[PDB]
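Chemist: Here you go, one structure.
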Amino acid sequence: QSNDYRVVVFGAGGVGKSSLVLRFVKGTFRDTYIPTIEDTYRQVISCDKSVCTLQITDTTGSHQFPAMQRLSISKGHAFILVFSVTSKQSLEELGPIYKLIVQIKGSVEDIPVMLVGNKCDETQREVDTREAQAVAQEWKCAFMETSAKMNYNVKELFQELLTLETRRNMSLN
Ligand SMILES: Nc1nc2c(ncn2[C@@H]2O[C@H](COP(=O)(O)OP(=O)(O)O)[C@@H](O)[C@H]2O)c(=O)[nH]1
Ligand SMILES: [Mg+2]
């Protein structure tokens with residue numbers, strides 16, 4: 001019997017969802033020319049004095065058919081909501097999915113939800129760190145800034161996400 005812990009990665013096109021997931025799971029880059037289609041990646045992790053598979057779903061963002069978004073949330077245990085610090089529009093585009101997550105799971109307080117400001121290697125920002133912190137405070141969720149490019153806070157994101165789950169004791173080690 002498999003005991004998968006399922007993480008779904010949401011966000012607008014171009015924010016770095018695929019780059020975050022590939023940096024974490026494979027230590028590699030997103031090849032621009034590979035076809036844009038949902039994939040799920042597997043990583044073995046420690047869970048409850050044993051092992052389980054972390055399943056990470058790299059969604060296609062605004063291309064994802066809404067019924068498929070619903071199914072992804074229903075199947076998911078934890079959520080990573082990625083925006084680019086260079087795009088205020090990308091942060092705004094998380095509104096609908098956050099709402100649907102909270103509605104389907106009943107409350108933000110009952111599952112791990114992480115707001116992620118990716119591309120924090122960039123100097124021309126549209127969303128300040130303090131602004132993103134306020135969003136997360138108002139949404140009652142966690143927040144982290146990352147650079148997939150620089151491998152900055154990439155392992156830390158998944159570790160913190162796993163630590164937020166109170167029903168299992170999970171670790172990357
Ligand atoms: N500067 C910078 N660019 C990034 C970062 N992560 C991804 N990108 C670039 O942003 C573009 C979109 O990345 P991608 O992973 O395909 O985003 P997705 O559409 O959200 O899956 C690509 O050109 C990436 O090289 C980052 O941390 N910093
Ligand atoms: Mg992608």
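Just remember, in the structure tokens the first chain shown is A, the second B, etc., residues are 1-based per chain, and ligands are 1-based in the order shown.
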Residues within 9 Å of residue 74 of chain A, please, as an mmCIF file with C-alpha atoms, in the first residue's frame. Count only C-alpha atoms; anything in the same chain fewer than 4 positions from it doesn't count.

Modeler:
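Saved file around21.cif follows:
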```cif
data_model
loop_
_atom_site.group_PDB
_atom_site.id
_atom_site.type_symbol
_atom_site.label_atom_id
_atom_site.label_comp_id
_atom_site.auth_asym_id
_atom_site.auth_seq_id
_atom_site.Cartn_x
_atom_site.Cartn_y
_atom_site.Cartn_z
ATOM 1 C CA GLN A 69 -7.927 22.312 -11.107
ATOM 2 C CA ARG A 70 -10.827 21.115 -8.882
ATOM 3 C CA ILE A 101 -8.586 25.436 -2.166
ATOM 4 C CA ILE A 104 -12.831 22.426 -1.029
ATOM 5 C CA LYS A 105 -10.619 21.685 2.031
#
```

Chemist: Could you give me, as a list in words, every polymer residue with an atom at most 6 Å away from an atom of ligand 2, counting only C-alpha atoms and all ligand atoms?

Modeler: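 Answer in the requested format: residues 17, 18 and 60 of chain A.
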
Chemist: What's the 10 Å shell around residue 86 of chain A, counting only C-alpha atoms, without same-chain residues fewer than 4 positions away, as a list in words?

Modeler: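 Near neighbours after the sequence-gap exclusion: residues 15, 90, 91, 117, 118, 119, 120, 122, 123, 124, 125, 126, 127 and 128 of chain A.
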
Chemist: Give me, as JSON lines, each residue of segment 75-171 of chain A that comes within 7 Å of segment 21-27 of chain A, together with its shortest interatomic pair and the distance in Å at one decimal, counting only C-alpha atoms, with rows ordered by chain and rising residue number.

Modeler:
```
{"residue": "A:148", "atom": "CA", "partner": "A:23", "partner_atom": "CA", "distance": 6.3}
{"residue": "A:151", "atom": "CA", "partner": "A:23", "partner_atom": "CA", "distance": 6.8}
{"residue": "A:154", "atom": "CA", "partner": "A:24", "partner_atom": "CA", "distance": 6.0}
{"residue": "A:155", "atom": "CA", "partner": "A:24", "partner_atom": "CA", "distance": 6.1}
```

Chemist: From the options A:81, A:170, A:102, A:45, which residue's atoms come nearest to ligand 1, counting only C-alpha atoms and all ligand atoms?

Modeler: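 Residue with the minimum atom-to-atom distance to ligand 1: A:81.
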
Chemist: Would you mind telling me which residue in A:40, A:62, A:3, A:171 lies nearest to residue 157 of chain A when using only C-alpha atoms?

Modeler: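 Ranked by minimum distance to residue 157 of chain A, first place goes to A:171.
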
Chemist: Hey, what does DSSP flag as strand (DSSP E or B) within segment 1-113 of chain A? Can you give it to me as an MDAnalysis selection string?

Modeler: chainID A and resid 5:11 39:47 50:58 78:84 113

Chemist: Please write the residues from the selection above to a file, keeping N, CA, C and O atoms, as a compact mmCIF listing (two decimals), in the first residue's frame.

Modeler:
```txt
# COMPACT_ATOMS: atom_id res chain seq x y z
N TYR A 5 2.33 11.42 -0.19
CA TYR A 5 1.91 12.76 0.22
C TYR A 5 1.96 13.62 -1.04
O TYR A 5 3.00 13.71 -1.70
N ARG A 6 0.82 14.23 -1.39
CA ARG A 6 0.64 14.90 -2.68
C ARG A 6 0.63 16.41 -2.55
O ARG A 6 -0.21 16.99 -1.85
N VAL A 7 1.58 17.03 -3.24
CA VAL A 7 1.73 18.48 -3.27
C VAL A 7 1.36 18.97 -4.67
O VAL A 7 1.86 18.45 -5.65
N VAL A 8 0.52 20.00 -4.75
CA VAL A 8 0.15 20.59 -6.03
C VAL A 8 0.73 22.02 -6.10
O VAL A 8 0.57 22.82 -5.18
N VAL A 9 1.36 22.31 -7.23
CA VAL A 9 2.03 23.59 -7.49
C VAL A 9 1.21 24.37 -8.50
O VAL A 9 1.04 23.94 -9.64
N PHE A 10 0.67 25.49 -8.04
CA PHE A 10 -0.22 26.33 -8.82
C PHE A 10 0.49 27.67 -9.03
O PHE A 10 1.45 27.99 -8.33
N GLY A 11 0.01 28.43 -10.01
CA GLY A 11 0.50 29.75 -10.34
C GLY A 11 0.37 30.05 -11.84
O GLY A 11 0.27 29.15 -12.72
N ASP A 39 2.86 17.33 -15.27
CA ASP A 39 3.58 16.14 -14.85
C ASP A 39 3.61 16.06 -13.34
O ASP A 39 3.52 17.07 -12.63
N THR A 40 3.79 14.84 -12.87
CA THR A 40 3.93 14.57 -11.45
C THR A 40 5.25 13.87 -11.25
O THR A 40 5.61 12.96 -12.02
N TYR A 41 5.98 14.34 -10.25
CA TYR A 41 7.32 13.88 -9.93
C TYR A 41 7.29 13.18 -8.60
O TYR A 41 6.50 13.53 -7.72
N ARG A 42 8.15 12.20 -8.44
CA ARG A 42 8.17 11.37 -7.24
C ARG A 42 9.49 11.58 -6.53
O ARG A 42 10.55 11.55 -7.17
N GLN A 43 9.44 11.83 -5.22
CA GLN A 43 10.64 11.78 -4.38
C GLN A 43 10.39 10.96 -3.11
O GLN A 43 9.40 11.17 -2.42
N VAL A 44 11.28 10.02 -2.81
CA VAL A 44 11.17 9.27 -1.55
C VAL A 44 11.56 10.21 -0.40
O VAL A 44 12.53 10.98 -0.52
N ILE A 45 10.78 10.17 0.68
CA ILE A 45 11.03 10.98 1.87
C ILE A 45 10.80 10.13 3.11
O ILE A 45 10.30 9.02 3.02
N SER A 46 11.16 10.66 4.27
CA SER A 46 10.86 9.97 5.53
C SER A 46 9.47 10.37 5.98
O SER A 46 9.11 11.54 5.89
N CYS A 47 8.72 9.40 6.50
CA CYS A 47 7.36 9.65 6.98
C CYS A 47 6.98 8.70 8.12
O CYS A 47 6.99 7.46 7.94
N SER A 50 9.07 5.71 8.86
CA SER A 50 9.21 4.85 7.69
C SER A 50 9.49 5.75 6.50
O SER A 50 10.10 6.81 6.64
N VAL A 51 9.03 5.32 5.33
CA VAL A 51 9.24 6.08 4.12
C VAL A 51 7.95 6.19 3.36
O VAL A 51 7.09 5.30 3.41
N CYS A 52 7.84 7.31 2.65
CA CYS A 52 6.73 7.47 1.73
C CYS A 52 7.20 8.23 0.51
O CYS A 52 8.35 8.69 0.43
N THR A 53 6.32 8.29 -0.50
CA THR A 53 6.64 9.04 -1.71
C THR A 53 5.98 10.38 -1.66
O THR A 53 4.76 10.48 -1.51
N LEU A 54 6.80 11.42 -1.80
CA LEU A 54 6.31 12.74 -2.07
C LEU A 54 6.00 12.82 -3.58
O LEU A 54 6.85 12.51 -4.40
N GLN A 55 4.76 13.18 -3.91
CA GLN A 55 4.29 13.36 -5.28
C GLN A 55 4.09 14.86 -5.45
O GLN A 55 3.38 15.51 -4.66
N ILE A 56 4.74 15.41 -6.46
CA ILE A 56 4.69 16.84 -6.71
C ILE A 56 4.13 17.07 -8.11
O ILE A 56 4.73 16.67 -9.09
N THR A 57 2.97 17.71 -8.19
CA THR A 57 2.27 17.93 -9.45
C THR A 57 2.62 19.34 -9.91
O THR A 57 2.31 20.33 -9.23
N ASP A 58 3.26 19.40 -11.06
CA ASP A 58 3.61 20.65 -11.73
C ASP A 58 2.48 20.98 -12.71
O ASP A 58 2.43 20.40 -13.80
N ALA A 78 -1.43 19.23 0.01
CA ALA A 78 -0.76 20.48 0.31
C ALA A 78 -0.54 21.25 -0.97
O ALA A 78 -0.44 20.67 -2.06
N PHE A 79 -0.45 22.57 -0.83
CA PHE A 79 -0.46 23.45 -1.98
C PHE A 79 0.64 24.50 -1.93
O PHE A 79 0.89 25.10 -0.87
N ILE A 80 1.27 24.69 -3.08
CA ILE A 80 2.28 25.73 -3.28
C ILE A 80 1.74 26.68 -4.34
O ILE A 80 1.45 26.27 -5.46
N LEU A 81 1.56 27.94 -3.95
CA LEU A 81 0.97 28.95 -4.80
C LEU A 81 2.08 29.93 -5.17
O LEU A 81 2.50 30.74 -4.34
N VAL A 82 2.56 29.81 -6.40
CA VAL A 82 3.74 30.49 -6.85
C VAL A 82 3.34 31.73 -7.62
O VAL A 82 2.47 31.68 -8.51
N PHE A 83 3.97 32.85 -7.27
CA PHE A 83 3.93 34.05 -8.12
C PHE A 83 5.35 34.55 -8.34
O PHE A 83 6.27 34.10 -7.68
N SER A 84 5.53 35.43 -9.32
CA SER A 84 6.83 36.03 -9.61
C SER A 84 6.87 37.41 -8.96
O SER A 84 5.92 38.19 -9.12
N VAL A 113 -0.54 25.34 3.10
CA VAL A 113 -0.60 26.24 1.93
C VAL A 113 0.57 27.22 2.07
O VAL A 113 0.74 27.88 3.10
```

Chemist: Given the choices A:138, A:92, A:121, A:145, which gets closest to ligand 1 if the distance is worked out from only C-alpha atoms and all ligand atoms?

Modeler: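 Of the candidates, the smallest distance to ligand 1 is held by A:121.
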